[PDB]
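Participant: Below: one structure in structure tokens.
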Amino acid sequence: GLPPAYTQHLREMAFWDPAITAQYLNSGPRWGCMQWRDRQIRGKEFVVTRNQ
Amino acid sequence: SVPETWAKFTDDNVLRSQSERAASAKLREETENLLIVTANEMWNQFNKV
Amino acid sequence: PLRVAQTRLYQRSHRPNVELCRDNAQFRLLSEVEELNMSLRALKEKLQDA
Amino acid sequence: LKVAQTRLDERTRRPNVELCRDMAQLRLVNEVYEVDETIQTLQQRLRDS
Amino acid sequence: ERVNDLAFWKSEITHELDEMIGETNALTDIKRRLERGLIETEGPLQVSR
Amino acid sequence: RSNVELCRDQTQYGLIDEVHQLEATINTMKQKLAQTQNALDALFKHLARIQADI
Amino acid sequence: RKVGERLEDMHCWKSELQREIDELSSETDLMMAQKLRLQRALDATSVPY
Amino acid sequence: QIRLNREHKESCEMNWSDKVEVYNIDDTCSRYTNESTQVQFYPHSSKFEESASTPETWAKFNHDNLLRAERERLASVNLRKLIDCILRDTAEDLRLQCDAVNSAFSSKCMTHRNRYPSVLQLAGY
Amino acid sequence: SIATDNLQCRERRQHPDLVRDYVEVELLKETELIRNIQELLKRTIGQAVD
Amino acid sequence: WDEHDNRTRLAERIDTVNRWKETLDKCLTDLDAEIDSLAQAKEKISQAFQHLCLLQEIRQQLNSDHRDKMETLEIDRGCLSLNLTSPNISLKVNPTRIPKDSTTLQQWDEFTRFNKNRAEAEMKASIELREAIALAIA
């Protein structure tokens, strides 16, 4: 049932990726720098979720 | 340890215990053989005398 | 009665997690098993001298 | 977050032979990271409300 | 399922323990028979001398 | 479930049929275990006589 | 002798646990009935607003 | 309070369930004698038992369950006797203020206020 | 990966040489140093993204 | 085999109650938008307020039915989530009790159908009221 990185952590030798969340499962980018912050200014339209 | 290593450790213990039981069983059968051969030998020499 | 005492001890050992108890029946059965073993040993000694 | 992470620490008092890492360790650390992420996104959206 | 596997291994251990106790008291019985037979073999030596 | 929702579906008939089968199943398994231990007692009862007469 | 006294000692505790679960059910059922009385009061105060 | 009652009912019943397990096995335990069948050599058993408690703590555990369960039940009794009283207060106060408004009118209002919930509808009967 | 492979390979030795020598001490120091360094690198990447 | 068959029966009944829940939610949203439209045209007036008083009661009764379907869906999902070696597995007392409600399937369907037919009749009568009020003003 477990995917393959969690299988190779149950092996003897350490061929695994050191960072625990996998690439193919995590929706967010790892250590990505972009984050859209909209400054609240009276007037124009505010919005959310510019990443997706 | 990994669970396969843990399970193989406990089966190695169980196989060692089974091996030692086998050695004791063979030893006790040979004790009975030594007893019957020894008794027959002494009585045969007794009757020759 | 060795068979009876051992089977009673086994069925009492297959008990759930809180009802498994240091019981009066447990002390009586332990004394019974010890007494039966000593009596069997004395009976075997009498057989050998016979 | 309470129940999962104290489940982790109340597990990890184990002795030497069974001090291991099964799937429960990996599923529990994934649990606590994703619950933490849910806390941050709900806090941010409460602030915007 | 982890604690169920632990229970299965415990049952295997106690099976081998029961067989092991049966072996060791059988072998003590055979040993005391051997000692009694040894003294009984010792006496006709005195007779022959 | 509350007052309008106790519906008495197919699931309640299925569950009572499973329980009603299950006491008979466990009873038959205990009966066969008792039969097997009786058989083991009889085999010991003749093994003793063979071992003595040898 | 001892098994009978342990049997009836446990039979007592089984009996008043048997009574207490029925008591809690018959309490909480009337608690639900009062909550059902409480809901339509909120409805019949929503109208006059 | 409904959910808390439900939880404590499950706790007390699970205690009763393990006691039913022990009562089920002691009844088969007592019916063994020296003549009848179903006996085998179980050699480690007298040597290697392990126990968890004493019969005093076996009693004390279910005293604590019944104590907490009855405290919870009486707290539910307290709240169910508060709810009906405050609902009577709400019904009386609304009917009083409506009558005061009608007296003010006397000193579209007829055609609207001619429909109104009564005391039994404010109570929910 | 290289260090853990050295650990299992040197642990697969035979009976009159299964010795806790200085090599195993240095291999354990290697495993500890590698994991500390890469976790420090993880936190530094987080701060540089922030 | 009997365990997996009962898995199948519970999953089927969760789907067939989710159908009624989502259609109740659709009718709820439609009725709220309709009350807003009728109140805007209010802003014959006596007949209109009588119609508002008649639409409101069906709105709360359908709200009650919708919440009941929410709770049924949640606890039946819990029933499907229960399997072997779950923690809260218990040897119950008297599991074959007829519940105190004793409600059959046909009644359980026709009550919600009664609610829906009353709601749709109220909607069409209010549509007639809307066109009559516009005609009167002009």
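Participant: Please work out the Kirkwood hydrodynamic radius for chain F, using every pair of different C-alpha atoms, and report it in angstroms with one decimal place.
Facilitator: 15.4
Participant: Further question on the same structure: What distance in nm separates the simple spin-label points at G:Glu8 and B:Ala22, each placed 7 Å from Cα in the Cβ direction?
Facilitator: Each label point is offset 7 Å from its Cα along the Cβ direction, giving 5.7 nm.
Participant: Provide, in order from the shortest bin, the percent of all Cα-Cα pairs of chain G in each 10 Å bin, continuing until the bin that contains the maximum pair distance.
Facilitator: Whole-percent P(r) values from 0 Å outward: 21, 22, 20, 15, 11, 7, 4, 0.
Participant: Would you please classify the overall shape of chain D from the alpha carbon gyration tensor, given that a ≥ b ≥ c denote the square roots of the eigenvalues, rounded means a/c under 1.5, and beyond that prolate means a/b larger than b/c while oblate covers the rest?
Facilitator: prolate
Participant: Where in segment J:88-108 does the amide nitrogen come within less than 15 Å of the point 7 Å from the Cα of F:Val4, taken along Cα to Cβ?
Facilitator: Only J:101-108 fall inside the zone, counting backbone N under 15 Å.
Participant: If you put +1 on each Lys and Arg Cβ and -1 on each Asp and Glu Cβ, how big is the dipole of chain F around its Cα centre, in Debye rounded to 20?
Facilitator: In total the dipole reaches around 260 debye.
Participant: Still on this structure, please answer the following. When the convex hull of the Cα atoms of chain E is projected onto a plane and the area is averaged over all directions, what value comes out in nm²?
Facilitator: The Cα convex hull of chain E, projected and averaged over all directions, gives 3.5 nm².
Participant: Given the convex hull of the Cα atoms of segment J:5-77, what is a quarter of its surface area in nm²?
Facilitator: 5.2
Participant: Okay, next question. Report, to the nearest 10°, how far helix F:10-53 tilts away from the longest principal axis of the Cα atoms in chain F, using its own Cα long axis and a range of 0 to 90°.
Facilitator: Around 0 degrees separate the two axes.
Participant: Something else about it: Is the shape of chain J rounded, prolate or oblate, going by the alpha carbon gyration tensor and its root eigenvalues a ≥ b ≥ c, with a/c under 1.5 for rounded and a/b larger than b/c for prolate?
Facilitator: It is prolate, given that a/c is not under 1.5 and a/b is the larger ratio.
Participant: With n ≥ 4 as the cut-off for DSSP H runs, can you work out [θ] at 222 nm for the protein assembly as shown, using -39500 (n - 2.57) per run divided by the number of residues, rounded to the nearest 500?
Facilitator: Roughly -27000 deg cm²/dmol at 222 nm, from the helical runs in the protein assembly as shown.
Participant: Could you work out, residue by residue across H:22-29, how many beta carbons of other chains sit within 10 Å of that residue's beta carbon, and then give the average as an integer?
Facilitator: Going residue by residue through H:22-29 and averaging, the value is 6.
Participant: To continue, here is another question. Which of these, F:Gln35, F:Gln12, F:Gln21, has the largest mean-square fluctuation under a Gaussian network model of chain F (Cα springs below 10 Å)?
Facilitator: Answer for the Gaussian network model of chain F: F:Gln12.
Participant: With θ set to phi - 60° and the Karplus curve 6.51 cos²θ - 1.76 cosθ + 1.60, what are the ³J(HN,Hα) couplings of segment H:68-76 in order, to the nearest whole Hz, using x for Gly and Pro?
Facilitator: Along segment H:68-76, the couplings run 5, 5, 6, 4, 5, 5, 6, 5, 5 Hz.
Participant: Tell me the label-point distance for the pair D:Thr41, H:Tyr125, using the 7 Å Cα-to-Cβ offset, in nm and rounded to one decimal.
Facilitator: 5.0
Participant: Also: Residue by residue, what Karplus-based ³J(HN,Hα) values in Hz, rounded to whole numbers, does segment H:14-24 have, using 6.51, -1.76 and 1.60 with θ = phi - 60° and x for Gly and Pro?
Facilitator: Result, rounded to whole Hz: 5, 4, 5, 5, 5, 5, 5, 4, 5, 5, 5.
Participant: Amide H of H:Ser53 versus every other amide H placed in the peptide plane: which residues, excluding those fewer than 5 positions away on the same chain, fall under 5 Å?
Facilitator: Counting only residues 5 or more places away or on other chains, the set is C:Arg22.
Participant: Using the number of other C-beta atoms within 10 angstrom as an exposure proxy, rank D:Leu28, H:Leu96, G:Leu24 with the fewest first.
Facilitator: H:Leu96, D:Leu28, G:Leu24
Participant: Right, something else. Along segment A:21-31, what does the Karplus equation 6.51 cos²θ - 1.76 cosθ + 1.60 (θ = phi - 60°) give for ³J(HN,Hα), rounded to whole Hz, x for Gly and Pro?
Facilitator: 5, 7, 6, 7, 9, 6, 6, x, x, 7, 6
Participant: Ok, one more. How big is the equivalent ellipsoid of chain I along its three axes, where each semi-axis is √(5λ) from the Cα gyration tensor, reported in whole Å from largest to smallest?
Facilitator: Sorted largest first and rounded, they come to 34, 10, 5 Å.
Participant: Also, I was wondering about something else. Note down the Stokes-Einstein diffusion coefficient of chain H in µm²/s, whole number, using a Kirkwood radius over alpha carbon pairs, 10 °C, and 1.306 mPa s.
Facilitator: My calculation gives 73 µm²/s for D.
Participant: Need one number: nm distance between label points at A:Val48 and G:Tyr49, each 7 Å from Cα along Cα→Cβ, rounded to one decimal.
Facilitator: With each label point 7 Å from Cα toward Cβ, the separation is 2.5 nm.
Participant: Per the Kirkwood definition applied to all pairs of different Cα atoms, how many angstroms is the hydrodynamic radius of the protein assembly as shown?
Facilitator: Result for the protein assembly as shown stands at 35.4 Å.
We did not get these values from a lab; they are worked out from the coordinates using the rules stated. As a convention, Cβ positions derive from the backbone with ideal geometry for all residues, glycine included, and neighbour counts pool all protein chains shown.
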